[PDB]
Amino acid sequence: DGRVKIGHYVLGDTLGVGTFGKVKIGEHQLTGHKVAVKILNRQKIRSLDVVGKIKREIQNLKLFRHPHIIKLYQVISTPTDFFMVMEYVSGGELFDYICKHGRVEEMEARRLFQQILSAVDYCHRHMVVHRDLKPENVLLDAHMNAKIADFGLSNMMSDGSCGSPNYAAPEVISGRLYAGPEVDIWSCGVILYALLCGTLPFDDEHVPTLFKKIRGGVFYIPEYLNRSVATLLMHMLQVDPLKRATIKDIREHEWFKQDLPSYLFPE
């Protein structure tokens, strides 16, 4: 041979090095279809005692059907590794696009936020969340569609933006021993803000003062911003998660409902 071939795919460049192993671009030997293969070292899995958990994150992610969540095609099992054959998307990180292009048009921001909000709702409904939404893990494809890695502990990948603690919800910063789905609402509020303004709502070069602005919850609403989406942002970026907007609140908002495609929320 001479090449690392698993199943029908020949592995090539390394897209990133993560927890249980590297992620490499795969290429179907017969069709040429590009693919992203997560390599899960089984000895690493057994050292963390998450064997029964990973096999249920995989078996659960295998039953995921969402156009804006990274799809799992198949899992190939060798005695030493798990090979998760997953969708490859070449558009790069969403926030890398924003930090290089600036704000997008309001219709493009609405289309992308509706895709992201639908994927987040699908994960909260169809899986046991081991991760929270990382806005750095929001990818794009070649058609400018949002692609999200599921919230399982297998997707701890980010190797290979305008800040990093900027996407940390207040209850996460305060070390609250419990956190629910409202943490992802905050992150989506950060995402929506960057889509409409071109920057992050709480950005600060000094990290301690960055945490202070997040706890204060004061962010600059530009006057050019739509007055309706301003109310949505204020509701999503509430410091107190009890007063923070929910998915049903965002789904009912007049700005979110405009030109909403039918396939996103079949519920």
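Under this definition, the rigid core comprises the largest set of C-alpha atoms superposing within 1.5 Å between the forms. Residue positions are given as counts along the sequence shown, with the first one as 1.
Colleague: Consider 30-38 and 237-245 separately and indicate which one has Cα atoms farther, on average, from the shown form in 4 other deposited structures of this protein after rigid core alignment.
Modeller: Clearly, after the core fit, the stretch farther away in 4 other deposited structures of this protein is 30-38.
Colleague: Is the larger C-alpha RMS shift in 4 other deposited structures of this protein, relative to this form with the rigid core superposed, found in 90-98 or in 145-153?
Modeller: Stretch with the higher C-alpha RMS distance in 4 other deposited structures of this protein: 145-153.
Colleague: Of the other PDB entries compared that resolve residues on either side of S161, does at least a third omit it?
Modeller: yes, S161 frequently unmodelled elsewhere, at least a third of entries.
Colleague: Taking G160 and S161 as adjacent modelled residues, how many residues of the deposited sequence between them have no coordinates (none, 1 to 3, 4 to 9, 10 or more)?
Modeller: In the deposited sequence, 4 to 9 residues between these two have no coordinates.
Colleague: Between 218-226 and 25-33, which has the higher average C-alpha B-factor in the PDB entry?
Modeller: Averaging CA B-factors over each stretch, the winner is 25-33.
Colleague: May I ask you to compare 256-264 and 1-9 by their mean CA B factor in the entry and name the higher one?
Modeller: The entry gives the higher C-alpha B-factor average to 1-9.
Colleague: Between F82, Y193, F95, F151, which one tops the list for C-alpha B-factor in the PDB entry?
Modeller: In the PDB entry, the greatest C-alpha B-factor among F82, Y193, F95, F151 is found at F151.
Colleague: Compare the CA B factors listed in the entry for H235, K212, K38, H206 and report the winner.
Modeller: Of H235, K212, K38, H206, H206 has the highest C-alpha B-factor.
Colleague: Where does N137 sit by CA temperature factor within its chain: lowest, middle or highest third?
Modeller: Its C-alpha B-factor belongs to the middle third of this chain's values.
Colleague: Within this chain's modelled residues, let me know which third the CA B factor of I173 belongs to: lowest, middle or highest.
Modeller: Middle third.
Colleague: Name the third of the chain's ranked CA B-factors that contains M156, choosing lowest, middle or highest.
Modeller: Ranked within chain, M156 CA B lands in the highest tercile.
Colleague: Divide the modelled residues of the chain into thirds by Cα B-factor and specify which third, lowest, middle or highest, holds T199.
Modeller: Its C-alpha B-factor, which the entry lists for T199, ranks in the lowest third among residues of this chain.
Colleague: Taking the entry's C-alpha B-factors for this chain, is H68 in the lowest, middle or highest third?
Modeller: Within its chain, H68 is a lowest-third residue by C-alpha B-factor, going by the deposited values.
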